[PDB]
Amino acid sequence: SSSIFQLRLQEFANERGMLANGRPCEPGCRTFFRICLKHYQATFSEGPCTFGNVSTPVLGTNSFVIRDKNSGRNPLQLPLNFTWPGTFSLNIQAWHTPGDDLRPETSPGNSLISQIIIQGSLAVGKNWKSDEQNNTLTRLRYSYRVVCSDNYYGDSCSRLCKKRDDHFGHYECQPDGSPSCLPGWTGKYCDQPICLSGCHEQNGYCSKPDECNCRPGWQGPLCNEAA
């Protein structure tokens, strides 16, 4: 995967602890989430989660604030098998499980609480796009983004840069994925040594930075003196 869809769940409110069918959660709504990501579609929803899907363990009961956990993770991660199309559909479902929190999705007694559906445009970037969905029973607060995987760069995450300090290159990685040459090197892949200052362009050369070596028939510190 070259890019990742990241979704951060921030706040959920279900103050009366109700299910979608109108029955109250008993004793409380033990809430976990289901995420369905897919391509943009305006027509009534058809078919599977084409961009991927994921489920969470129970994060809270009834109303609760959801906090991040770098390592039940939040933000959630959906790694992508494709270059990011630029548009999407997102479906978030809130569920109640009467069973144990280990893979609540596999539990037989689950009942839906509520769900939302969004669609739109998103560019790859580190900025979080923030959204709220309020209805009379429940509220959901969240934010999302698409960022590159480690060592992928560019507006479509299509360019790979991995830092080198050996024979093939001496560089770091810029935000656009282009190599940033360490001091004394040049060229696209930073594999060209910058020869000593004033070393004759045609008659002198270097294999190491800050050096001047003479081609046949030349002499002096800068290799500019014929024979």
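Sequential numbering from 1, following the sequence displayed.
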How many residues that are in the deposited sequence but not in the model lie between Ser71 and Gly72: none, 1 to 3, 4 to 9, or 10 or more?
-> 1 to 3
116-124 versus 93-101 - greater average Cα B-factor per the deposited record = 93-101
Mean CA B-factor: is it higher for 197-205 or for 155-163?
-> 197-205
Taking the values straight from the PDB record, which of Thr43, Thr31, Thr50, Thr56 has the highest C-alpha temperature factor?
-> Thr43
By the entry's values, the third containing the CA B factor of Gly169 is the lowest
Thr138: which third of its chain by C-alpha temperature factor?
-> lowest
Chain-relative CA temperature factor third for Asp176 | middle
Would you mind ranking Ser107 by its C-alpha B-factor against the rest of the chain and naming the third, lowest, middle or highest?
-> highest
Lowest, middle or highest third of the chain for the C-alpha temperature factor of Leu37?
-> lowest
